[PDB]
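This report concerns only the one structure given below.
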Amino acid sequence: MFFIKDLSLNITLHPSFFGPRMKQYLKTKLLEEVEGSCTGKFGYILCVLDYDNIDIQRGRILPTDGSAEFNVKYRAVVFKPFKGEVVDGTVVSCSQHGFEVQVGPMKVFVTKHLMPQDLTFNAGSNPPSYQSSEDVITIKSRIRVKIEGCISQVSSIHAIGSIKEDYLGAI
Amino acid sequence: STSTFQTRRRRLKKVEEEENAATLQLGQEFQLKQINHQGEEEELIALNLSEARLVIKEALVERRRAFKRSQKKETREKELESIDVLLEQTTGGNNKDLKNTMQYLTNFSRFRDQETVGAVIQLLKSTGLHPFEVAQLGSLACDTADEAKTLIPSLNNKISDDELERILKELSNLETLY
Amino acid sequence: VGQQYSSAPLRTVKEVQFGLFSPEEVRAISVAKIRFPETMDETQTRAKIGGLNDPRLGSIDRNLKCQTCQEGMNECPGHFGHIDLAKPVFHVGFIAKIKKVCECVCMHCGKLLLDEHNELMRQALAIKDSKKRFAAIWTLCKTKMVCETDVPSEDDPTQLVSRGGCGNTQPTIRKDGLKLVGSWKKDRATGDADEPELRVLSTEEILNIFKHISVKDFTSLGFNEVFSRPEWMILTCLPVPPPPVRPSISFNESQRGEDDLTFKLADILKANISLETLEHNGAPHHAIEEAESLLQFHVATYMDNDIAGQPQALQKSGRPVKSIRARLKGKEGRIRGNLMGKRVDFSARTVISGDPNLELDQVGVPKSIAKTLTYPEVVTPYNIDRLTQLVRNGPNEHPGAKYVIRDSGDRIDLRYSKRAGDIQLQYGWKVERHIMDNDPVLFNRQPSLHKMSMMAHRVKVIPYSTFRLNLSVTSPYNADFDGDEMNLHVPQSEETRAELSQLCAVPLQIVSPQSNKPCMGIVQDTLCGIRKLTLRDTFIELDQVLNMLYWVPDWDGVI
Amino acid sequence: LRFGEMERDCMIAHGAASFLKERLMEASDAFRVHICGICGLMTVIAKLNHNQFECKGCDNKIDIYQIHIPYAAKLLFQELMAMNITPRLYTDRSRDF
Amino acid sequence: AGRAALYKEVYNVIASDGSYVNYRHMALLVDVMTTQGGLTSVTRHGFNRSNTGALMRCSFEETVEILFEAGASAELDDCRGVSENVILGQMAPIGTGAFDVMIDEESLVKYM
Amino acid sequence: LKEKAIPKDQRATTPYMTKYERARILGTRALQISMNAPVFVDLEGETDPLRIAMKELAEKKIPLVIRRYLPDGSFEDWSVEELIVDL
Amino acid sequence: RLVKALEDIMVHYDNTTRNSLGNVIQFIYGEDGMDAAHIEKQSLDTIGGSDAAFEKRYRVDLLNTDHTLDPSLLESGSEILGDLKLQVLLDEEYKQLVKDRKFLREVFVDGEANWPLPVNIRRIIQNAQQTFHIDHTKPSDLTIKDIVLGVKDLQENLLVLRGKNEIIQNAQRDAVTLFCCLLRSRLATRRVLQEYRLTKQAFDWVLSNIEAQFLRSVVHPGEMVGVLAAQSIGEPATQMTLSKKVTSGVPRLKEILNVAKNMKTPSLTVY
Ligand SMILES: [Mg+2]
Ligand SMILES: [Zn+2]
Ligand SMILES: [Zn+2]
Ligand SMILES: [Zn+2]
């Protein structure tokens, strides 16, 4: 589900910060761009694992301006969904079309027309809810979701979920 | 424009993007065999929930130590605020994704102690099962074989129902209280 | 360098792969939809229509439209277009090879003539070269005739083992302008009576055999799998170069101004429309190709207009045509006149005059030239005082500056502006200043035949409009004074100044690797005088002696 | 002024690499084009605002590279493309050596 | 010996006109003409036929004719030569560019 | 193919700094100095960036390392600290 | 044409001269690895002269009264006269000079003494004579053990190609061979004490300076030789403003670079 993977980043650094502790700033600007990034290939880069001993390596100077390029090898906590993965989380928003279940940093939407038939959307419910036999689905409700499709965006990945299958639904 | 690593040579073509179902078919980046920065082949590290919490926490704790080096010259709900205080002193602040992660991760952490987590991995990574399955089993509340092999359908014939049933029983026993 | 920041990471081009366009890629790359042979004009109205040049292509009238991309000409590169063809057309430069492959591969079935079975072919296949291997082959396929069904193996010539099929005879092909003619054999002096058979090899037929050539048979000849399939030597879909390649000049507004290539493409499409119109209409069986050869003419002359065919495909004026090949030919032709040798900025050309007073390294730059020529200096805590005063002095008074560049990509024209007199210079900014004394400069006298002829010089800004140099540097330069002109170059970064002052400096070029000897000597007046001075006959008295001693700047002051 | 073929040769002889480049770039052409990672052709849409890239035809928004090349080179590559020849631009070594 | 005969002849052209030239210069030219096995001429037919870079070879007369048969044979230019980087406007592996200059973070700390 | 990169031993290139090497280091440093990079050597009162680089080289307090290239693709690493300045 | 045919050629870091593909043209540039700017026409004193006069300038014989060094030239001269151990080392110096006599005559059949060679040795000693202010009367203090060994130790410092194995070190011998012959021709026992008047301080200064100037006389890996060589031949061709009535100059140079089957004027010399 969650991943520890090795990856790199190329940083262009102005001559101005060739000071005594550029090792500090290199690691600082690394975290500012890396921590919180989201790509279609790698996914949510959540946190940089193992600070210190991050081998910056001997970086080369650019041909024209005195700037430097550094290839930074590091470990990181990586996370992204798959079109068949089953996870569980907390619900947030709720509408006529379904609810949005949040799993970690990710927001997964489930559609009414992908849930069990015997589930109604209550109109005058506050907060808004879904009703069944004894089952109650509101904000704080814990729901296990099956990921059907994965859609990648700019700094976010979203998924279409389903609870029609058995052993899913609510906990 | 981050990425980097493992990059082979896609000489034109490439080709027909593969669908990524529970058929263990994941993106090229996440295969059973992958290299490390030391320059050697290593098994893919698949983290399960609760284990991921310790992985992030340790990295955050040992971060603050080295973060203060330059600056010279438990009980579920109580952990929620303690991590929240830790976030505003080490993380870049705007990492709202990680804030959402830690709140979620500490809530649905099946285990607590480094003692308990260790024994789970020793039991799971001895069956010789594939990495993604190992992570899914130690993150979801499983009671029955049909509850397990239908949520993680990659298993099916890789292990008999009776053998998996014991593991789930030994998971429910080692499942730490809240 | 090109205005605006890019989120894409910058890198260097390590490898240049040379392949041929695949028709599927031509269609996929472009957003042309190009169909109208009419240039533009929205029914007489300004701006351009969704036909020729513009549909998501390059902008013209200082606008934005360019497939949402915007940017506006400057910055915006040239994205391509695709144009459909009624029938396949031969690429002019490949006619030789297309013919060569046709003699190396039999028709109908489309397979190799000789294989691993026959000798001489073995020694041909073994060579690990791209085009040397392709070169015979050739002769072992030029004999030749007959796509044989079975021949003897690596044993006794009695048991003939079979490989492929189709026992047809191969035609012998010659070159005829833009089309191919194949003469066949038979019919064993009983069918007919005497004469062979003559027919025209149509492009569609030719292409069909090429698309049937086997996978390994591509690589057996000088071709690659996913880069250069022989089927792409023949064009199915033609790419259309965007406006930056063939610019619209537009003098005034109600006038015109299109480049040579735009008209040729309009002639291609005009010819292409007719061939499409005829096909699904009442087409005269074999009077259609009397217009296909006209399409095999425009597409041919569009790429090359200098062939043994002869017609110069002249534009209606007497003018030939600026074909794409002509744009790349030696001298002032993109490669030799625009890439290997460029017209450069920060330079000056004027007449030279001899000065027996300037140092060996020194160059006498005129005041006017020093006023125009510019060096970009950085605002540094070492020269803020040196720069702020220089900016205030203005671009008119000699020791001054004409431009101030801020942290953002912004220009301040000091000669105009509104707050030119004020300005508080900031750390990190760039001030483009005048040529000061002792600025390293590259100094040239074309023709430049030497490592000399291009030397680094110290600047001493002097009155009068002539370049001035030491007499001893005349022989390495050459260089006389009978109306001789010389070039000058000014560096733009501190890094390049070092490359001048540490490798190109005049004092460093004294002794020449040319002939393990000094290339500079004291010549003329000073050489004639040094003799007359150093005579037994000649003597000097106090009054002149003291003067002569003072002329030496490194004199120890001891008479 | 002209910095011709003869003029270039002298700077090679001197070995002044940065200066030879600086004549050909910042004082001449100097242009920023974008290449696709797969096809070495300057065909990518460069919306330098909302970050949208794309190389529809190869189809990807991720693998893109920025290059500083002369404008005459841009022309050269494009003029060769009009003649059906693809001058691919790759930013990494493949054939080794 | 054929090389030596060529050098001895080349020398007798320049040295006959009251001019002296160092061994290495004529010796390099005489080698470049002979090293490849035959006599690689200083001509369009000679050296410009060799395995040298496709984009480099084009900067001499043939231009297009090479560029046509370079894409046909799918020749990859290594870009290790002068002309290659000259056209691409990059710093060529020439004297000053024959190497990479790097910064050491560890050494910088020592200098403070 | 992997490595490549001759270790800090086995180095067999001229230990002397070549005129081509020196001419760039002095240029690359002077550029950086003018670009507001931190200066290591105490300035006697000099303002010219190229002159500072010449004082930086004389005291060998330049934090730069040259990567000399061999025709095969492998390289040697030499620091300006190690390199001898004759010329 | 010459420039365009030689563009890529430069001396790489292993001191070989490749082009762009990696093809070696010269294993050591100029067959010695010396930059042309550090070279002068110095005379090889080994070749020139008769067999008789050669002996009167190089033969050191401690086992003779009429052919030994007069003890007025060396302070330790009188106590060395007749030493067997030292004559062996002196014979190893002279026997080397005789080997050089034949070696150079196997190369230069003409017998031309003056040839382009790196490092001026004439002036490097000329300075030493007046920098220390040494008189041509009072004897030296340089032992024969100091002189003959100091020269042999110097030859181990004149490195062109920094070697490690057999081949490169074996090619190292070949690269410096000619320079060593000139070195031994000037720094022979008789030459040092009789023609010059060096002291220990002057001798160790001369050695330290010959060594240092040689390391400067080496080719700096980076020098674009191809373009430098092409321009060194094409330029003197421009200044060419014009039995010996045989294809001379200009068009003869054209024919050479063209490589045509038929020469304008053939003619073969027979001996
Ligand atoms: Mg004249
Ligand atoms: Zn655009
Ligand atoms: Zn057949
Ligand atoms: Zn692409």
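Residues are named by chain letter and number: chains run A, B, ... in the order of the structure tokens, numbers start at 1 in each chain, and ligands are numbered from 1 in the order shown.
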Legend entry - Exercise answer, 8 Å around ligand 3 with only C-alpha atoms and all ligand atoms, as a ChimeraX atom specification: /C:106-111,146-148,164-168
Write out the residues from the selection above, keeping N, CA and C atoms, as a PDB file, in the first residue's frame.
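File written: again-v1.pdb
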ATOM      1  N   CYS C 106      13.106  -8.586 -55.274  1.00  0.00           N
ATOM      2  CA  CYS C 106      12.160  -8.905 -56.344  1.00  0.00           C
ATOM      3  C   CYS C 106      10.757  -8.401 -56.022  1.00  0.00           C
ATOM      4  N   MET C 107       9.968  -8.175 -57.069  1.00  0.00           N
ATOM      5  CA  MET C 107       8.611  -7.656 -56.929  1.00  0.00           C
ATOM      6  C   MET C 107       7.622  -8.748 -56.505  1.00  0.00           C
ATOM      7  N   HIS C 108       6.340  -8.381 -56.455  1.00  0.00           N
ATOM      8  CA  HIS C 108       5.235  -9.273 -56.063  1.00  0.00           C
ATOM      9  C   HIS C 108       5.309  -9.733 -54.600  1.00  0.00           C
ATOM     10  N   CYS C 109       6.188 -10.697 -54.327  1.00  0.00           N
ATOM     11  CA  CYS C 109       6.352 -11.257 -52.985  1.00  0.00           C
ATOM     12  C   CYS C 109       7.133 -10.322 -52.062  1.00  0.00           C
ATOM     13  N   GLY C 110       8.257  -9.809 -52.556  1.00  0.00           N
ATOM     14  CA  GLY C 110       9.082  -8.868 -51.802  1.00  0.00           C
ATOM     15  C   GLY C 110       9.959  -9.534 -50.761  1.00  0.00           C
ATOM     16  N   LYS C 111      11.012 -10.203 -51.225  1.00  0.00           N
ATOM     17  CA  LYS C 111      11.976 -10.859 -50.342  1.00  0.00           C
ATOM     18  C   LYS C 111      13.392 -10.736 -50.909  1.00  0.00           C
ATOM     19  N   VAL C 146      15.053 -13.354 -61.952  1.00  0.00           N
ATOM     20  CA  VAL C 146      14.370 -14.550 -61.425  1.00  0.00           C
ATOM     21  C   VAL C 146      14.384 -14.700 -59.895  1.00  0.00           C
ATOM     22  N   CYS C 147      13.205 -14.591 -59.288  1.00  0.00           N
ATOM     23  CA  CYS C 147      13.037 -14.916 -57.876  1.00  0.00           C
ATOM     24  C   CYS C 147      12.966 -16.435 -57.736  1.00  0.00           C
ATOM     25  N   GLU C 148      14.137 -17.049 -57.580  1.00  0.00           N
ATOM     26  CA  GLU C 148      14.280 -18.506 -57.562  1.00  0.00           C
ATOM     27  C   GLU C 148      13.567 -19.172 -56.386  1.00  0.00           C
ATOM     28  N   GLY C 164      11.695 -19.592 -50.356  1.00  0.00           N
ATOM     29  CA  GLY C 164      10.454 -18.852 -50.571  1.00  0.00           C
ATOM     30  C   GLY C 164       9.700 -19.335 -51.796  1.00  0.00           C
ATOM     31  N   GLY C 165       8.957 -18.425 -52.421  1.00  0.00           N
ATOM     32  CA  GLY C 165       8.167 -18.748 -53.607  1.00  0.00           C
ATOM     33  C   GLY C 165       8.187 -17.661 -54.665  1.00  0.00           C
ATOM     34  N   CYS C 166       7.145 -17.655 -55.499  1.00  0.00           N
ATOM     35  CA  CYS C 166       6.977 -16.703 -56.608  1.00  0.00           C
ATOM     36  C   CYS C 166       8.143 -16.735 -57.602  1.00  0.00           C
ATOM     37  N   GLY C 167       8.033 -17.609 -58.600  1.00  0.00           N
ATOM     38  CA  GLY C 167       9.084 -17.788 -59.602  1.00  0.00           C
ATOM     39  C   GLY C 167       9.015 -16.807 -60.759  1.00  0.00           C
ATOM     40  N   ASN C 168       8.765 -15.538 -60.441  1.00  0.00           N
ATOM     41  CA  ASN C 168       8.701 -14.473 -61.441  1.00  0.00           C
ATOM     42  C   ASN C 168      10.068 -13.900 -61.797  1.00  0.00           C
TER      43      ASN C 168
END
Inset, instruction - Compute the set of chain E residues within 8 Å of chain C, using only C-alpha atoms, and express it as a list in words. - result: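 Using only C-alpha atoms, chain E residues at most 8 Å from chain C: residues 20, 21, 22, 59, 60, 61, 62, 63, 64, 65, 68, 70, 71, 72, 73, 74, 75, 76, 77, 78, 79, 83, 86, 87, 88 and 90 of chain E.
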Give me a file of those residues, with C-alpha atoms, as a compact mmCIF listing (two decimals), in the first residue's frame.
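New file result-v3.txt:
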# COMPACT_ATOMS: atom_id res chain seq x y z
CA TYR E 20 60.52 26.41 -41.93
CA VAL E 21 57.70 24.40 -40.34
CA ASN E 22 57.89 22.06 -37.33
CA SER E 59 29.62 21.11 -42.96
CA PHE E 60 31.59 20.37 -46.15
CA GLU E 61 30.12 20.64 -49.68
CA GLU E 62 27.83 17.57 -49.73
CA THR E 63 25.61 18.85 -46.87
CA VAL E 64 22.18 17.53 -47.92
CA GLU E 65 23.47 14.40 -49.72
CA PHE E 68 19.65 12.29 -46.78
CA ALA E 70 22.21 9.58 -42.79
CA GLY E 71 18.48 9.30 -42.03
CA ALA E 72 18.16 6.40 -44.48
CA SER E 73 20.90 4.39 -42.76
CA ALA E 74 19.61 5.69 -39.39
CA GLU E 75 23.03 6.98 -38.31
CA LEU E 76 23.36 8.24 -34.74
CA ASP E 77 25.68 11.20 -34.23
CA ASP E 78 27.73 10.85 -31.03
CA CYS E 79 28.31 14.64 -30.75
CA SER E 83 31.11 21.05 -35.36
CA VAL E 86 29.11 24.40 -32.61
CA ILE E 87 25.82 23.88 -34.49
CA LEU E 88 24.00 23.04 -31.24
CA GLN E 90 26.95 24.14 -26.68
Inset, instruction - Please report as a ChimeraX atom specification which residues of chain B come no farther than 8 Å from chain C, using only C-alpha atoms. - result: /B:1,12-13
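A straight line drawn from atom CA of residue 177 of chain C to atom CA of residue 310 of chain C is 8.8 Å long.
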At most 10 Å from ligand 1 (only C-alpha atoms and all ligand atoms): residue list as a tab-separated table (two decimals) with N, CA, C and O atoms, in the first residue's frame:
chain	number	residue	atom	x	y	z
C	478	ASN	N	48.86	41.01	-40.44
C	478	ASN	CA	48.86	41.36	-41.87
C	478	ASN	C	47.49	41.52	-42.56
C	478	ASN	O	46.89	40.53	-42.98
C	479	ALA	N	46.97	42.75	-42.68
C	479	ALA	CA	47.46	44.01	-42.07
C	479	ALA	C	48.59	44.80	-42.74
C	479	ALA	O	49.77	44.44	-42.65
C	480	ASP	N	48.20	45.87	-43.43
C	480	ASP	CA	49.11	46.92	-43.88
C	480	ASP	C	48.55	48.23	-43.32
C	480	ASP	O	48.14	48.26	-42.16
C	481	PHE	N	48.53	49.30	-44.12
C	481	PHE	CA	47.82	50.53	-43.75
C	481	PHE	C	47.16	51.24	-44.93
C	481	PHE	O	46.61	52.34	-44.78
C	482	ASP	N	47.19	50.60	-46.10
C	482	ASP	CA	46.55	51.16	-47.30
C	482	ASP	C	45.03	50.94	-47.32
C	482	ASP	O	44.49	50.24	-48.19
C	483	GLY	N	44.36	51.54	-46.35
C	483	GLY	CA	42.91	51.44	-46.21
C	483	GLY	C	42.45	50.10	-45.66
C	483	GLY	O	41.43	49.57	-46.09
C	484	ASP	N	43.21	49.56	-44.71
C	484	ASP	CA	42.90	48.27	-44.11
C	484	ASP	C	41.87	48.37	-42.99
C	484	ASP	O	42.01	49.19	-42.08
C	485	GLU	N	40.85	47.52	-43.07
C	485	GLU	CA	39.80	47.45	-42.06
C	485	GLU	C	40.05	46.28	-41.11
C	485	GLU	O	40.64	45.26	-41.50
Legend entry - Polymer residues at most 9 Å from segment 148-158 of chain G, only C-alpha atoms, same-chain spacing of 3 or more positions, as JSON, numbers by chain: {"G": [89, 90, 93, 143, 144, 145, 176, 180, 183, 184, 187, 188, 189, 203, 204, 207, 208, 210, 211, 212, 214, 215]}
Print the selection's residues with N, CA and C atoms to a file, as a PDB file, in the first residue's frame.
ATOM      1  N   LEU G  89      82.192   3.396 -13.111  1.00  0.00           N
ATOM      2  CA  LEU G  89      81.086   4.335 -13.299  1.00  0.00           C
ATOM      3  C   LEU G  89      81.385   5.364 -14.389  1.00  0.00           C
ATOM      4  N   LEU G  90      82.663   5.700 -14.556  1.00  0.00           N
ATOM      5  CA  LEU G  90      83.092   6.618 -15.612  1.00  0.00           C
ATOM      6  C   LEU G  90      83.081   5.969 -16.992  1.00  0.00           C
ATOM      7  N   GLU G  93      79.631   5.817 -18.365  1.00  0.00           N
ATOM      8  CA  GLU G  93      79.222   7.099 -18.934  1.00  0.00           C
ATOM      9  C   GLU G  93      79.744   7.250 -20.364  1.00  0.00           C
ATOM     10  N   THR G 143      82.017  15.903  -6.538  1.00  0.00           N
ATOM     11  CA  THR G 143      82.546  14.546  -6.657  1.00  0.00           C
ATOM     12  C   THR G 143      82.026  13.907  -7.946  1.00  0.00           C
ATOM     13  N   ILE G 144      82.797  12.976  -8.504  1.00  0.00           N
ATOM     14  CA  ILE G 144      82.372  12.209  -9.679  1.00  0.00           C
ATOM     15  C   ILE G 144      81.097  11.421  -9.359  1.00  0.00           C
ATOM     16  N   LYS G 145      80.974  11.006  -8.099  1.00  0.00           N
ATOM     17  CA  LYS G 145      79.779  10.335  -7.593  1.00  0.00           C
ATOM     18  C   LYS G 145      78.562  11.267  -7.591  1.00  0.00           C
ATOM     19  N   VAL G 176      61.544  10.235 -24.675  1.00  0.00           N
ATOM     20  CA  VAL G 176      62.550  11.174 -24.172  1.00  0.00           C
ATOM     21  C   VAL G 176      63.948  10.893 -24.739  1.00  0.00           C
ATOM     22  N   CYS G 180      67.525  13.018 -24.011  1.00  0.00           N
ATOM     23  CA  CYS G 180      68.540  12.436 -23.136  1.00  0.00           C
ATOM     24  C   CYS G 180      69.919  12.450 -23.792  1.00  0.00           C
ATOM     25  N   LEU G 183      71.213  15.762 -23.470  1.00  0.00           N
ATOM     26  CA  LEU G 183      71.491  15.969 -22.049  1.00  0.00           C
ATOM     27  C   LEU G 183      72.843  15.380 -21.646  1.00  0.00           C
ATOM     28  N   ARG G 184      73.120  14.163 -22.111  1.00  0.00           N
ATOM     29  CA  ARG G 184      74.388  13.485 -21.833  1.00  0.00           C
ATOM     30  C   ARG G 184      75.545  14.121 -22.599  1.00  0.00           C
ATOM     31  N   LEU G 187      76.155  17.301 -20.287  1.00  0.00           N
ATOM     32  CA  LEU G 187      76.432  17.019 -18.879  1.00  0.00           C
ATOM     33  C   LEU G 187      77.309  15.779 -18.682  1.00  0.00           C
ATOM     34  N   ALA G 188      78.347  15.667 -19.506  1.00  0.00           N
ATOM     35  CA  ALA G 188      79.368  14.637 -19.341  1.00  0.00           C
ATOM     36  C   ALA G 188      80.452  15.145 -18.394  1.00  0.00           C
ATOM     37  N   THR G 189      81.118  14.217 -17.709  1.00  0.00           N
ATOM     38  CA  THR G 189      82.095  14.545 -16.664  1.00  0.00           C
ATOM     39  C   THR G 189      83.145  15.571 -17.107  1.00  0.00           C
ATOM     40  N   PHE G 203      75.454  23.187  -9.941  1.00  0.00           N
ATOM     41  CA  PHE G 203      75.087  21.936 -10.602  1.00  0.00           C
ATOM     42  C   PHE G 203      73.671  21.502 -10.230  1.00  0.00           C
ATOM     43  N   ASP G 204      73.364  21.543  -8.934  1.00  0.00           N
ATOM     44  CA  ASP G 204      72.038  21.186  -8.433  1.00  0.00           C
ATOM     45  C   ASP G 204      70.970  22.200  -8.838  1.00  0.00           C
ATOM     46  N   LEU G 207      70.367  21.225 -12.731  1.00  0.00           N
ATOM     47  CA  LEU G 207      69.523  20.029 -12.770  1.00  0.00           C
ATOM     48  C   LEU G 207      68.067  20.358 -12.441  1.00  0.00           C
ATOM     49  N   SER G 208      67.861  21.092 -11.348  1.00  0.00           N
ATOM     50  CA  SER G 208      66.522  21.476 -10.897  1.00  0.00           C
ATOM     51  C   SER G 208      65.793  22.367 -11.900  1.00  0.00           C
ATOM     52  N   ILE G 210      66.618  22.334 -15.410  1.00  0.00           N
ATOM     53  CA  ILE G 210      66.419  21.497 -16.596  1.00  0.00           C
ATOM     54  C   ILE G 210      65.174  20.624 -16.422  1.00  0.00           C
ATOM     55  N   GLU G 211      65.018  20.063 -15.224  1.00  0.00           N
ATOM     56  CA  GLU G 211      63.858  19.245 -14.875  1.00  0.00           C
ATOM     57  C   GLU G 211      62.557  20.046 -14.951  1.00  0.00           C
ATOM     58  N   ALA G 212      62.571  21.250 -14.380  1.00  0.00           N
ATOM     59  CA  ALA G 212      61.385  22.103 -14.308  1.00  0.00           C
ATOM     60  C   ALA G 212      60.946  22.629 -15.675  1.00  0.00           C
ATOM     61  N   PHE G 214      61.537  21.197 -18.548  1.00  0.00           N
ATOM     62  CA  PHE G 214      61.066  20.056 -19.330  1.00  0.00           C
ATOM     63  C   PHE G 214      59.586  19.796 -19.076  1.00  0.00           C
ATOM     64  N   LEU G 215      59.178  19.921 -17.815  1.00  0.00           N
ATOM     65  CA  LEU G 215      57.784  19.730 -17.417  1.00  0.00           C
ATOM     66  C   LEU G 215      56.878  20.837 -17.955  1.00  0.00           C
TER      67      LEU G 215
END
Legend entry - Counting only C-alpha atoms, the residue of E:107, E:41, E:52, E:12 that sits nearest chain F: E:107
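For ligand 4, the neighbouring polymer residues at 9 Å or closer are residues 12 of chain B; 29 of chain C; 35, 36, 37, 38, 39, 40, 41, 42, 43, 44, 54, 55, 56, 57, 58, 59, 60 and 64 of chain D, only C-alpha atoms and all ligand atoms being used.
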Legend entry - Interface list for chain G, partner chain D, 10 Å threshold, only C-alpha atoms, as a ChimeraX atom specification: /G:3-4,7-8,10,21-22,222-231
Saved selection, atoms kept: N, CA and C atoms, as a short mmCIF file (atom, residue, chain, number, x, y, z; two decimals), in the first residue's frame:
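Contents of again21.cif, freshly written:
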data_model
loop_
_atom_site.label_atom_id
_atom_site.label_comp_id
_atom_site.auth_asym_id
_atom_site.auth_seq_id
_atom_site.Cartn_x
_atom_site.Cartn_y
_atom_site.Cartn_z
N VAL G 3 41.82 22.43 -42.53
CA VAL G 3 41.17 22.73 -41.26
C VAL G 3 39.97 21.81 -41.03
N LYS G 4 39.12 21.69 -42.04
CA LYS G 4 37.91 20.87 -41.96
C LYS G 4 38.18 19.37 -41.86
N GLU G 7 39.70 19.26 -37.75
CA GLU G 7 38.98 19.95 -36.67
C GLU G 7 39.08 19.26 -35.31
N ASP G 8 38.57 18.03 -35.26
CA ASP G 8 38.36 17.29 -34.02
C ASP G 8 39.63 16.87 -33.27
N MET G 10 42.74 16.50 -31.15
CA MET G 10 43.36 17.11 -29.97
C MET G 10 44.08 16.06 -29.12
N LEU G 21 35.72 9.97 -32.89
CA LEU G 21 35.23 8.60 -32.75
C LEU G 21 36.04 7.84 -31.70
N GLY G 22 37.28 8.28 -31.48
CA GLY G 22 38.18 7.65 -30.52
C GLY G 22 39.41 7.05 -31.17
N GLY G 222 44.63 19.30 -24.12
CA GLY G 222 43.58 20.25 -24.43
C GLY G 222 43.86 20.98 -25.74
N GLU G 223 45.14 21.20 -26.01
CA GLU G 223 45.60 21.83 -27.25
C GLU G 223 45.00 21.16 -28.48
N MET G 224 44.10 21.88 -29.15
CA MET G 224 43.50 21.40 -30.39
C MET G 224 44.56 21.41 -31.48
N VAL G 225 45.22 20.27 -31.64
CA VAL G 225 46.37 20.15 -32.54
C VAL G 225 45.96 20.18 -34.01
N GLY G 226 44.90 19.45 -34.35
CA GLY G 226 44.43 19.37 -35.73
C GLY G 226 44.31 20.72 -36.42
N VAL G 227 43.56 21.63 -35.80
CA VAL G 227 43.38 22.98 -36.31
C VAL G 227 44.71 23.75 -36.30
N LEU G 228 45.50 23.52 -35.25
CA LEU G 228 46.81 24.16 -35.11
C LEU G 228 47.79 23.68 -36.18
N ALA G 229 47.70 22.40 -36.52
CA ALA G 229 48.55 21.79 -37.54
C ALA G 229 48.14 22.20 -38.95
N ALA G 230 46.83 22.25 -39.18
CA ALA G 230 46.27 22.64 -40.48
C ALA G 230 46.62 24.08 -40.84
N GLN G 231 46.49 24.97 -39.86
CA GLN G 231 46.81 26.39 -40.04
C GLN G 231 48.31 26.63 -40.15
#
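For ligand 2, the set of protein, DNA and RNA residues within 10 Å, based on only C-alpha atoms and all ligand atoms, reads residues 56, 57, 58, 59, 64, 65, 66, 67, 68, 69, 70, 71, 72, 73, 74, 75, 76, 77, 78 and 79 of chain C; 43, 44, 45, 46 and 47 of chain D.
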Inset, instruction - Could you please tell me, as a list in words, which residues of chain A have an atom within 12 Å of chain D when using only C-alpha atoms? - result: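 Residues passing the distance filter: residues 38, 39, 40, 41, 42, 62, 63, 64, 65, 152, 153 and 154 of chain A.
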Inset, instruction - List every residue of chain E that DSSP, applied to the backbone of this structure, assigns to alpha helix (DSSP H), and report them as a VMD selection string. - result: chain E and resid 2 to 14 23 to 32 54 to 57 64 to 72 82 to 87 105 to 111
Inset, instruction - Skip segment 55-66 of chain F itself and residues of its chain fewer than 3 positions away, then list as an MDAnalysis selection string all residues within 10 Å of it, counting only C-alpha atoms. - result: (chainID A and resid 18 58:61) or (chainID E and resid 99:112) or (chainID F and resid 17 21:22 25:26 28:30 39:44 46 50:52 69 75:85)
Legend entry - Interface list for chain C, partner chain F, 6 Å threshold, only C-alpha atoms, as a ChimeraX atom specification: /C:382,494-495,498,502
Print the selection's residues with C-alpha atoms to a file, as an mmCIF file, in the first residue's frame.
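Output file again.cif follows:
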data_model
loop_
_atom_site.group_PDB
_atom_site.id
_atom_site.type_symbol
_atom_site.label_atom_id
_atom_site.label_comp_id
_atom_site.auth_asym_id
_atom_site.auth_seq_id
_atom_site.Cartn_x
_atom_site.Cartn_y
_atom_site.Cartn_z
ATOM 1 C CA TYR C 382 33.059 45.828 -4.775
ATOM 2 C CA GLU C 494 33.776 37.273 -16.667
ATOM 3 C CA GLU C 495 34.416 33.643 -17.669
ATOM 4 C CA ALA C 498 39.727 34.830 -18.688
ATOM 5 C CA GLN C 502 45.013 33.773 -20.274
#
